[PDB]
DNA sequence: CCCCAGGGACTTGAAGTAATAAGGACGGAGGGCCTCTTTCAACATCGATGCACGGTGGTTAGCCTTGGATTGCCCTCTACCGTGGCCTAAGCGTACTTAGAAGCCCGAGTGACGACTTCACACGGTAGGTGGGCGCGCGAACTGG
DNA sequence: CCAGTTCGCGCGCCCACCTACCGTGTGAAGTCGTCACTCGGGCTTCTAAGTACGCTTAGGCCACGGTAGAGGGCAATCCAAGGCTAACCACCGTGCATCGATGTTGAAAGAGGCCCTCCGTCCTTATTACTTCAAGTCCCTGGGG
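Chains as they are written, first to last, in PDB author numbering: chain B, 25 to 102; chain F, 25 to 102; chain A, 39 to 133; chain E, 39 to 133; chain H, 32 to 124; chain D, 32 to 124; chain G, 11 to 117; chain C, 11 to 117.
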């Protein structure tokens with residue numbers, strides 16, 4: 025499923041970042057980087073979920089998880 | 025007063041940073057960076073002092089200024 | 039008519055920097071979330087808005103990284119970002 | 039006897055990386071502290087330990103910057119740090 | 032279940048500065064998060080300031096001091112002015 | 032004026048792990064800052080958890096989740112074990 | 011009795027003074043909250059929202075649009091030196107980025 | 011009555027449970043504090059202190075020293091990934107840095 | 001620079017749907033009262049911050065010779081670009097199934113609280129241990145030949 | 001390597017002063033006991049989260065020839081470091097004068113807990129106009145000649 029972040033998708037993200045040319049090895053590095061980031065955020069969001077005695081991760085939980093990692097998110101209710 | 029940060033002193037700091045060879049333009053650059061850095065910390069530490077209606081900046085005041093800027097300092101009472 | 043290598047690249051920057059839609063396919067991202075979440079707790083559900091919140095953060099984070107990575111590449115008098123550039127960006131940020 | 043350029047420099051790194059004393063002259067540094075603080079409020083006094091705290095943070099902070107600057111410098115296949123390297127390092131740190 | 036927000040207040044202020052400009056539901060969500068976000072910093076910072084001085088009451092002084100620490104440059108100057116003007120009028124009802 | 036600190040407790044812990052090793056007054060100060068720092072983080076994070084879950088009581092659950100959130104990797108695992116063991120013994124007096 | 015006059019109206023503010031006061035008491039910030047604290051706090055939030063909103067509405071007019079969407083807010087925050095510094099570490103959902111191309115990549 | 015037995019001893023801890031409880035109740039963290047919270051919190055804090063000290067004492071021993079100084083603490087903290095991550099943005103006064111020379115600069 | 005052209009911006013004309021204006025409700029502000037206490041201000045007390053002076057070297061400021069670092073030219077080649085072909089499934093419609101999110105009700109297990117008490121802790125005090133200045137000879141990495 | 005040396009540095013020789021152990025009072029931590037009340041548990045219902053399963057473009061995956069950016073080699077030129085000197089002032093140590101950190105105490109300015117009253121703000125609805133997509137036109141920058 026990690027391959028679902030397709031090569032064209034990674035290219036499009038880089039273009040938004042102002043990247044003009046992309047080396048052929050970048051795609052594998054980005055996938056690895058994304059894996060690390062996602063694990064951290066999801067870990068915290070799931071941790072909050074267990075504390076709330078809930079079985080469904082809510083957007084607010086993610087927002088809280090993002091705040092503690094210094095990646096405050098605006099737009100999902102706080 | 026900024027000239028008191030002499031060339032050897034700036035060099036020694038760079039040596040601690042693992043720098044092997046240093047360009048002649050670093051000394052002027054470093055002074056500017058330090059001044060900015062110092063202004064922010066002193067600004068906050070002085071601000072704390074004025075709120076307490078005190079006339080002497082204490083060690084605690086400096087540590088707090090550092091904490092809120094993400095530079096927690098250990099060894100001086102917090 | 040054939041555009042010279044690089045001409046189309048500048049056009050994509052302008053188009054994607056002008057647009058705001060999410061650029062990673064939704065379903066692939068959703069499948070990714072569920073596989074990762076499985077390792078922490080089984081049969082974990084996610085509000086549709088929860089997945090959206092993750093994607094917004096993830097894209098913004100990656101955009102931020104590619105921007106910093108580019109500066110590193112440009113710094114080395116290159117225009118191509120390479121794995122060594124990403125590593126540097128991450129190292130400086132403290133990751 | 040004349041050591042070739044670089045031999046003594048590496049010797050200084052090892053010596054200074056093992057030691058912990060403060061490397062900026064104390065009096066000149068204090069005057070700077072007082073001079074900068076003078077612009078915000080007059081007749082401002084400073085506890086002696088307060089000046090030491092500022093000095094420790096500044097030296098520690100500056101050393102940290104030089105380490106990241108070096109990584110940027112190496113990235114450009116150079117061994118000499120230059121102002122553009124500090125600028126790059128600081129930009130990436132978000133300052 | 033009724034869930035409090037700043038929506039009504041955000042809309043009033045918008046109509047004062049830009050009478051003909053609206054706001055999308057998404058943008059409203061952003062504004063609520065922003066107001067709460069700044070609110071936490073101000074309220075949270077005032078607490079440490081209050082705590083440092085062994086005081087149990089947070090007064091306008093702490094808010095003023097907290098504001099000076101957080102708002103950068105001219106933002107602080109104008110924000111402090113606005114609060115003081117408002118509070119002054121308030122004490123005279 | 033008496034100034035509270037964790038010095039005695041820091042010394043006790045040191046004497047268990049290194050009976051023949053001392054610590055300087057400066058190093059002792061470091062530990063005090065450390066203890067307070069970790070305390071604040073846990074206590075501050077614990078407050079958010081309670082507030083997020085609309086519970087006015089801070090209990091074992093909040094600290095347990097707080098530790099799982101703050102402490103990285105195995106530090107949390109072992110710390111959580113220690114806390115659980117201590118509470119269990121305490122509840123049985 | 012006399013007609014009830016809201017604390018918000020006495021201070022000439024649009025933000026809810028009473029709610030902020032209750033929120034401070036129930037926000038676990040301090041044991042007590044002075045009568046001047048909520049008024050001052052409310053005015054500051056109002057001013058800042060006005061500032062951000064004012065700059066964002068202007069950006070909207072430049073784009074010939076009459077309704078604010080996340081895009082306009084991102085422009086306002088990143089295009090303003092003072093507000094950008096305050097909101098450095100914030101991610102605006104559906105905001106996109108500022109048009110910025112490194113000079114070395116241009117033809 | 012019976013001899014006063016500290017809550018720390020009842021839980022087998024060296025850290026002051028009684029003191030931690032007072033700090034929680036008066037630290038503006040929550041309205042109420044559960045009976046296990048100060049105990050639980052104190053136990054975690056004690057364990058973490060032990061961890062650093064254990065690693066620091068080892069570093070001290072390696073230098074033929076009998077007193078831990080800030081230098082030794084820096085070595086212990088930076089050499090442990092987990093402790094380093096937890097205390098990443100912390101500066102130890104009089105700590106110095108880890109001996110580290112970039113490979114490309116070596117002769 | 002030109003001709004030919006390939007893409008995006010601009011400008012109506014139809015849909016449509018989210019903004020939003022308008023009405024009913026309740027619980028959350030607001031006025032009002034009596035009440036507990038936090039804190040301004042007064043006055044008091046002494047530590048420690050500022051200032052000064054005389055040395056006393058250690059450490060800087062500046063210069064000279066230098067050879068190794070920088071960098072610009074050059075080739076070169078091979079690692080991505082852009083276009084095309086071609087197939088897969090993501091986006092969405094529509095619908096159904098149902099797990100648990102969320103809520104209402106309840107009590108008893110829980111913590112706030114007060115009164116009282118006592119010994120764990122911190123401040124003053126004492127006396128040795130650890131380690132730094134002084135001083136020296138041993139470990140060996142480096143560099144001109 | 002040969003050969004010489006500078007640096008690094010470990011090992012003492014004291015002294016000394018930084019810290020471990022000791023003596024004392026107390027205030028806050030411990031215990032009993034009362035009582036208010038929070039949230040874990042039982043039960044219920046509706047949402048939307050998952051699921052299925054079809055369609056239809058639309059975009060991803062592969063191939064392919066090429067081209068320009070990345071990269072290695074070379075040389076000149078140039079500029080920070082090693083070594084030398086004269087000299088500056090950072091710091092030790094002492095000493096004093098005096099501000100304000102710091103503490104205490106009175107009482108009143110302030111904020112609370114509770115209570116009755118009112119209306120501001122939120123849920124709900126219906127209606128737009130501003131947005132949105134499609135097409136058609138026009139500007140304009142781009143690349144081989």
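Positions of the beta carbon are idealized from the N, C-alpha and C atoms, including for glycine.
Asked, Found
"Nonlocal neighbours in the same chain, by C-beta distance under 8 angstroms from residue 83 of chain G, ignoring five residues either side", "62, 66, 102, 105"
"Length at least 4, wholly inside the stretch 11 to 54 of chain G: the alpha helix (DSSP H) runs in chain order", "17 to 20, 27 to 35"
"Contact with chain F by residue 60 of chain D, beta-carbon distance below 8 angstroms", "yes"
"Segment limits, alpha helix (DSSP H) that includes residue 29 of chain B", "That residue, residue 29 of chain B, is in no alpha helix (DSSP H); it is neither H nor E in DSSP."
"Neighbourhood of residue 81 of chain D by C-beta, 6 angstroms cutoff - its chain only, sequence neighbours within 5 removed", "89, 93"
"is_contact[residue 114 of chain C, chain E] using C-beta, thresh 8 angstroms", "yes"
"Contact belief for residue 86 of chain B with residue 91 of chain A at Cβ below 8 angstroms, rounded distance in angstroms", "4 angstroms"
"Among A/99, A/63, A/128, nearest to residue 100 of chain G - alpha-carbon criterion", "A/99"
"Option nearest residue 108 of chain C by Cα separation, candidates C/74, C/117, C/69, C/114", "C/69"
"Straight-line gap, residue 85 of chain D to residue 86 of chain A (C-alpha atoms, nearest Å)", "24 angstroms"
"Candidates E/125, E/96, E/94, of which the one nearest residue 109 of chain E by Cα", "E/125"
"Whole-angstrom C-beta distance between residue 29 of chain B and residue 66 of chain A, which should lie under 8 angstroms", "6 angstroms"
"Contact list for residue 105 of chain C against chain E, beta-carbon separation under 7 angstroms", "58"
"Partner residues on chain F for residue 65 of chain D, Cβ-Cβ distance less than 9 angstroms", "98"
"Cutoff 8 angstroms: residue 71 of chain B Cβ touching any chain D Cβ", "yes"
"Stretch pair the stretch 72 to 90 of chain G + the stretch 48 to 63 of chain H: three plus CB contacts closer than 8 angstroms", "yes"
"Chain-order list of residues whose beta-carbon lies under 8 angstroms from that of residue 49 of chain G (same chain, five-residue window excluded)", "17, 21, 23, 27"
"Length of the line joining the Cα atoms of residue 55 of chain A and residue 71 of chain G", "20 angstroms"
"Residue 117 of chain A (DSSP reduced to helix, strand or coil)", "coil"
"Cβ-based contacts, 8 angstroms cut-off: residues of the stretch 73 to 101 of chain E near chain F", "73, 74, 75, 78, 79, 81, 82, 83, 84, 85, 87, 88, 90, 91, 92, 94, 95, 96, 97, 99, 100, 101"
"Spatially closest choice to residue 62 of chain B from A/79, A/80, A/71, by CA coordinates", "A/71"
"Amino acids of chain B, ordered along the chain, whose beta-carbon sits closer than 9 angstroms to that of residue 40 of chain A", "Ordered by position in chain B, no residue passes the 9 angstroms Cβ test against residue 40 of chain A, which lies about 18 angstroms from the chain."
"For residue 98 of chain B, the residue or residues it bridges with in DSSP", "G/102"
"Residue from D/75, D/76, D/67, D/79 whose Cα sits closest to the Cα of residue 56 of chain C", "D/67"
"Inter-residue spacing [alpha-carbon to alpha-carbon] between residue 36 of chain H and residue 63 of chain H", "6 angstroms"
"Same chain, Cβ closer than 8 angstroms to residue 117 of chain E, neighbours up to 5 away in sequence not counted", "111"
"Cβ neighbour criterion (16 or more within 10 Å) applied to residue 40 of chain B", "buried"
"Pick from A/127, A/84, A/132, A/45 that is closest to residue 107 of chain A, judged by C-alpha positions", "A/127"
"Cα-Cα separation, residue 49 of chain E to residue 95 of chain A", "46 angstroms"
"Beta-ladder partner(s) of residue 46 of chain F, from DSSP", "E/119"
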